[PDB]
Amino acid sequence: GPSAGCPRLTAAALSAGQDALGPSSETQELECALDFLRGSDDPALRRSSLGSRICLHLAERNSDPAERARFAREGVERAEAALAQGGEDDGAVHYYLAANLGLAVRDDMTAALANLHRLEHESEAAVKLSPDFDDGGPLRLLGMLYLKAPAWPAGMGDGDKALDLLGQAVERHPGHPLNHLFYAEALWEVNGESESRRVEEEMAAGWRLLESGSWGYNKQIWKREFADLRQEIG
């Protein structure tokens, strides 16, 4: 449960203050809130995406793959709990279920393939219910799945749908670094050398947002993803 040094907390205060917690929060602050809500019977909090989101913040800040996956697996459990308690209409619950599930499996091919249907279902639910959440996060997840899943007809993989969704994320939510990064990856992988200028400009814009914006402890893992695309394009 909450550690002994945590501030006094109530469900009402956590709900009212839920947006004061984020990627810039220190780990101790995030865990005080996460450990509290696991034990809370407050109907709203029990249905909320907050616990799953906190787990994703903790996953993203951990460079070790096993440690990151451990927190991501906790986020999957928190989102599943929220859905069982009545959060099914909340697009953010499905979003953080799919985002955490992705982190938990994407470094392991067997697990990624084994969870592709669940990822697809949850990413689609997020896109249906709250496509704009987290600056278009659900479009990011579903678009990347269209880019990375086994290619049609073997699976849902479809580069045109990837480009449609990730282009829509960039158009509708230009402030997020990963909308530009992921769109750039799709442009390169689906269209190749003919989109090099656009790929590069999208990378550069994402990097500028990454460097200037306030992404807290998400910055290091996103920087690694930017480097990955740089190396992929040569």
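In case it trips you up, residue 1 is the first one in the sequence shown, and so on.
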Average Cα temperature factor in the PDB entry - higher stretch of 211 to 219, 10 to 18: 211 to 219
With respect to the recorded C-alpha B factors, which stretch has the higher mean value, 42 to 50 or 27 to 35? 42 to 50
Residue selected from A104, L139, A84, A125 by maximal Cα B factor: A84
From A99, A111, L129, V93, pick the one with the largest CA B-factor in the entry? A111
Chain third (lowest, middle, highest) by recorded CA B-factor, residue given as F133: lowest
Lowest, middle or highest third: which one holds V190 when the chain's residues are ordered by CA B-factor from the entry? highest
Chain thirds of CA B-factor: placement of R73: lowest
Can you tell me which third, lowest, middle or highest, the CA B-factor of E67 falls into for its chain? lowest
Third assignment of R197 from its chain's C-alpha B-factors: highest
